[PDB]
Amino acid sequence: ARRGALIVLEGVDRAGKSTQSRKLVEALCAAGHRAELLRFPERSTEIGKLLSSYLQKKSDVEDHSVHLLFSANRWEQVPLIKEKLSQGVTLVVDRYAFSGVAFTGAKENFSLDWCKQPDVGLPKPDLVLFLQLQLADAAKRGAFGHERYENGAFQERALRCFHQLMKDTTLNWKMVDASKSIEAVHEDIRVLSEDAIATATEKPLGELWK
């Protein structure tokens, strides 16, 4: 019985990850697929609540601890992810382990190797879309929030980390020109996604970074 695809959307802030993740699930379902949306962090769980308070600057959390909470927040959803994929449901995920590594890896004294480890073994995405946008016109997309990491210097360091992760050819990375209209970007993403659902799925679900 045909498994669903695990599709992740990544990108710096204001690239369009959440808008395109919502539109993608809508379109896939309208075209007869079974598809559902997930996002990380998943702020509804106990761990998710700690992460939400940290990101809102309502609480401070030691940098290594918070990194591990972001990873645990993904692991607590692994039984659900595997169940849905095995049932033939494609999952569209707004941020995943790559944001986990890029954001902590932007802090001083955090190696990419250490940042990756907690997430080693997670379900491996069949397609990782990276929504590219000059940090500049991304900045044309309204302005910064009061949330953690919402500043230019930090975003640039995270962006450097994302390009280090893209050197990883064990992963099906696809660059998306997120500077176009919402509808144009959506169509690029939708076509890539239909190909992965069909093809990428002929092989068993993989394990990330192993």
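Basically, rigid core = biggest C-alpha set you can superpose within 1.5 Å across the two forms. Residue positions are given as counts along the sequence shown, with the first one as 1.
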Comparing 141-149 with 180-188, which has C-alphas lying farther from the shown form in 5 other deposited structures of this protein once the core is aligned? 141-149
Using RMS Cα distance over all structures and residues, flag whichever of 70-78 and 129-137 lies farther from this form in 5 other deposited structures of this protein after a core fit. 129-137
If you average the CA temperature factors over each stretch, which comes out higher, 12-20 or 196-204? 196-204
Residue range whose averaged C-alpha B-factor is higher in the record, 88-96 or 128-136: 128-136
Most elevated Cα B-factor in the entry, residues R39, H67, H33, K58: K58
Report the third (lowest, middle or highest) to which the CA temperature factor of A158 belongs, ranking only the modelled residues of the same chain. middle
Per the entry's values, where does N109 land by CA temperature factor relative to the rest of its chain, in the lowest, middle or highest third? highest
Ranked C-alpha temperature factor of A27 among modelled chain residues, by third: lowest
